[PDB]
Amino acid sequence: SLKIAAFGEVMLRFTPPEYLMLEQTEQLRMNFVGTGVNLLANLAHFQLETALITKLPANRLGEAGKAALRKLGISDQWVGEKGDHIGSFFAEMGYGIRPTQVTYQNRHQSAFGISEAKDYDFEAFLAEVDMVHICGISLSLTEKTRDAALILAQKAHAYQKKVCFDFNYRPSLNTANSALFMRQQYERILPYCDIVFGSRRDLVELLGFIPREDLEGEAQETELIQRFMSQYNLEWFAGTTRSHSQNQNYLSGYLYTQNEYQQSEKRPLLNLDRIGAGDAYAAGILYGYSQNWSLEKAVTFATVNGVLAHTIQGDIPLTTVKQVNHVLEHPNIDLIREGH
């Protein structure tokens, strides 16, 4: 019954129905999503107490946003009023070789983007939570969200609260310099994190780490990661790797400690909607942590949850512990009947 909070952004996602494009229809389904929303929503569905720390404008759209947070099972007690705008993006679902297309709208002028550390009573919040997840987006959105994130991490550390962080580095959306700038910001918060979500390529391409070319394969892989971990004395480092054999796609999760490495077996992956699916993996890892599960049990549970998120339309991973366990325990049951 670990109480988890997240400091992050709420965004509006607009999606045409089925596999339609924006130019084909005026119809849309809108939802309130975001790394912190997806994470906390899934954890709330796993029956943990969750609360989102952020800001929403004091208007009907902001009110609809808070209603959505509650519906998902997330407490909106620490969602304050500020600004007038909410960040958003359009998502046109792809099919086969036609890629899914995400188009972002203004994000930095949002209620969350214009709020600063002084707008949040971190002291009061930390006193009621055991763990706090700082969304990587906070570090890059604006100087104000970055300063707030850093202060929160430092504070969380002081209160001896567990700190979680996700790398939100997207090569394609960054220039050479921006990457370096983000490097600096990540290096500033990493010293305060206990659980980190990210990939090998992040360490190399973003944090400039260099792999022991005298090593190779797993050994090289593990050496680089556990090195990064001991440097910041991280407790857990986790992520997933996508692969594809002829015809099939697979998802595999990994979980490292400074002295251990646990990888799940490749899981066939069927992609209906992958947006935000990375947050379902993290939710599974954090859940395993809250239950003091072995690294093997946690990575297996989290990887299955990640695969499940790809079969769920939209960013929010709406899964339960029983559902995930049913997939693991009963792989051949494709239809469940209840209410009899």
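Just count from 1 along the sequence shown to find any residue number.
- Between 94 to 102 and 180 to 188, it is 180 to 188 that carries the larger average Cα temperature factor according to the deposited entry.
- Looking at mean Cα B-factors across 167 to 175 and 189 to 197, the upper value is held by 167 to 175.
- Within the listed group 240, 109, 160, 145, the record reports its top CA B-factor for 160.
- Of the candidates 250, 89, 209, 78, the one whose C-alpha carries the top B factor in the deposited record is 209.
- Residue 42 sits in the lowest third of its chain by CA B factor, as recorded in the PDB entry.
- Residue 273: CA B factor lies in the lowest third for its chain, per the PDB record.
- The PDB entry assigns residue 296 a C-alpha temperature factor belonging to the highest third of its chain's modelled residues.
- Sorting the modelled residues of the chain by their CA temperature factor places residue 113 in the middle third.
- In the PDB entry, a CA B factor belonging to the highest third of its chain's modelled residues is recorded for residue 227.
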